[PDB]
Amino acid sequence: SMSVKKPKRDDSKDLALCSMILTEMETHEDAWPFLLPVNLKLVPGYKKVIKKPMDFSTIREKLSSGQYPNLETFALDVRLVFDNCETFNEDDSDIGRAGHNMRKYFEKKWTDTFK
Ligand SMILES: CC(=O)Nc1ccc(O)cc1
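Positions are assigned from 1 on a per-chain basis following the written sequence, which can diverge from the numbering of the entry; residues without coordinates are not listed. Think of the side-chain values as coming from all heavy atoms in the structure, minus any hydrogens and water. Residues with missing side-chain atoms are left out of burial classes, side-chain pairs and their counts.

In the PDB header, X-ray crystallography is given as the technique by which the entry was determined, and 1.835 Å as its resolution.

Under the PDB entry, the name given to the protein is BROMODOMAIN ADJACENT TO ZINC FINGER DOMAIN PROTEIN 2B, and the organism recorded is Homo sapiens.

J.: What is the right way to read unusual backbone geometry from this model?
T.: The phi torsion of most residues other than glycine is negative, and most of the peptide bonds are trans. Phi is positive for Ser3, close to 60°, though the residue is something other than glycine. Note on conventions: DSSP H or I runs of at least 4 residues are helices, E runs of at least 2 residues are strands, and numbering of each starts at the N terminus. Within the secondary structure, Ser3 sits in the segment before α1 (14-26).

J.: Would you take a moment to explain helix α4 (residues 71-88) for this structure?
T.: Residue pairs three or four apart in sequence face the same way in an α-helix, which turns once every 3.6 residues. Compared with an ideal rise of 1.5 Å per residue, which puts 18 residues at 26 Å, α4 spans 27 Å between its outermost C-alpha atoms and is within 8% of the ideal. Each residue gets one of three labels from its accessible area relative to the maximum for its type: buried under 20%, exposed over 50%, partly exposed in between, using a 1.4 Å probe on protein chains only. What α4 keeps buried is the set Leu71, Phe74, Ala75, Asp77, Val78, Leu80, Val81, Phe82, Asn84 and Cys85. Looking at the buried residues of α4, the elements they touch are α1, α2 (46-49), α3 (56-64) and α5 (94-114). Between a side-chain oxygen at the N-terminus of α4 and the backbone nitrogen of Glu72 the separation is 3.0 Å; the capping residue is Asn70. Helix span, as expected, comes to 1.5 Å for every residue beyond the first. Whether two residues touch is decided by their heavy atoms; if any such pair falls within 4.5 Å, the residues are in contact. Nitrogen and oxygen atoms within 3.5 Å of one another constitute a polar contact, given that in protein one can donate a hydrogen and the other can accept it, and given that sequence-neighbouring residues count only through two side-chain atoms.

J.: Would you explain a nonpolar patch on the surface in this entry?
T.: Nonpolar side chains (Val, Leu, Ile, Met, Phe, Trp, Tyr) are joined into patches within 5 Å and like charges within 9 Å, using only residues with over 30% relative accessible area and no salt bridge. Only the protein chains shown count as covering a residue, and every accessible area follows the Shrake-Rupley method with a 1.4 Å probe. Think of a salt bridge as a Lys or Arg side-chain nitrogen and an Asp or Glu carboxyl oxygen that are within 4 Å of each other. Together, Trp32, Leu35 and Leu36 make up an exposed nonpolar region whose accessible area comes to about 340 Å². Mapped onto the secondary structure, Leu36 falls in the loop between α1 and α2. On the accessibility criterion, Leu36 (60% relative accessible area) is exposed.

J.: What's the story with the packing of α1 against α4 in this structure? I'm lost.
T.: When two helices pack together, their arrangement is given by the angle between the helix axes and by the axis-to-axis distance. Relative orientation of the contacting elements α1 and α4 amounts to 15°, with a least axis distance of 10 Å. Our classification of the angle between α1 and α4 gives roughly parallel. Handedness of the α1/α4 crossing: right-handed. Residue-level contacts link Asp14, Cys18, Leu22 and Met25 of α1 to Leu71, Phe74, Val78 and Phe82 of α4. Charged means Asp, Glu, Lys or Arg here, nonpolar means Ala, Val, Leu, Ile, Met, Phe, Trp, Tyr, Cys or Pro, and polar covers whatever is left, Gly included. Partitioned by chemical class, the residues of the contact of α1 with α4 number 7 nonpolar, no polar and 1 charged. In this analysis an axis means a line fitted to C-alpha atoms, helices contributing only their contacting stretch, and an angle means the value between N-to-C directions, from 0 to 180 degrees. Oblique is the label for any angle not covered by the other classes, which are roughly parallel (under 35 degrees), roughly antiparallel (over 145) and roughly perpendicular (65 to 115). A clockwise turn of the near helix away from the far one marks a right-handed crossing, whereas an anticlockwise turn of less than a right angle marks a left-handed crossing.

Right, dumping it as structure tokens:
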């Protein structure tokens, strides 16, 4: 509360660490469905169904231009990519399996890096 503070966690390296994690996700062999935005003009259903599209290139642009106020807002956009993928794709599809794999990959990096 007013004039009563928790000890300050060192967040000075957060931007650099999130960038390293994103680089590792960009270079994963299963990253190909998530590198660029889904083409809303060529994929039926996607625009109406998926209310907040997100992809790695869009996350990279936001990270590079100061659009994440903190760690957690970054993780929210990464998870959104995989939540969108589950909504639109069957678990037993190539893109469906890719999404499950990349989510597992991310969450281990997230825990190891910040927890
Ligand atoms: C991330 C994603 O769902 N991509 C995607 C899914 C189906 C399709 O026909 C074209 C692209």
